[PDB]
């Protein structure tokens, strides 16, 4: 595939902190600093549903398509779940005594992870009345990002301002390992490469770097430099051999995942970039990113 980037749909809004694609409907969820969340059909450019969830920032939001839900987490410390077909608020609970930074949904089991400024990751089971099933303790600063290993989702990674990534096993109380990233301003984001040929993870930092890691040896494979302010995220695209990052410098960058050289820098004109999603099935090679002044959905080729 040749990079042939086309704007599918962009709209302005208050600052977009969380973003996610629905796997079967042509929908994107955005969660805003204002407490509002929006679901857009990016093919028809019509709003599916929107909710004023809270007056505090909503930093995290994901679809749970197999239950017809969205799950959101906000600076009022609460996790809320809504049925996107009816609008029903399914559950509303205090999850942590501090801000929620990140939510991840297990691909097959009824588990959600939340990472918080309270220094923990918590595991919630929606088949057990959203019970707290485990708290993962060990980090020493805000937990900014949680992600399951898609190839072994009995494990997951947490990225933390304490400058480490910890990889954990469900049901065990200490990390399988702690990765010292050398990203001395902390880790804002962690993501897994999805395919079985490389055991890779990627981290993004306020220190302006993105680092690729072999999680079997713990070695740094590569450091990607070029962003000029905090790097909010960096991810492997699920189908294309590229990495996509975004920054408070207002740019998205696309990097070759083999040579680690930048291939494209985009300034979509929405000021600082905060969040990313990739369409899981590679439908049209869609990506979406949220910014200070709205969001954009792009087809990469």
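Residue numbers count along the first chain shown, from 1.
Higher mean CA temperature factor, per the PDB entry, when comparing 262 to 270 with 38 to 46: 262 to 270. The PDB entry reports B-factors from which the mean C-alpha value can be compared for 201 to 209 and 128 to 136; the larger average falls on 128 to 136. Comparing the C-alpha B-factors of 175, 73, 196, 115 in the entry, the top value falls on 196. As recorded in the PDB entry, 216 shows the highest C-alpha B-factor of the residues 120, 216, 102, 149. Sort the chain's modelled residues by C-alpha temperature factor and residue 278 lands in the middle third, per the entry. Among all modelled residues in its chain, residue 13 ranks in the lowest third by Cα B-factor. In this PDB entry, residue 26 carries a Cα temperature factor that places it within the middle third of its chain's modelled residues. Ranked by C-alpha B-factor against the other modelled residues of its chain, residue 242 falls in the highest third. Residue-level temperature factors show residue 159 in the lowest third of its chain, judged at the C-alpha atom.
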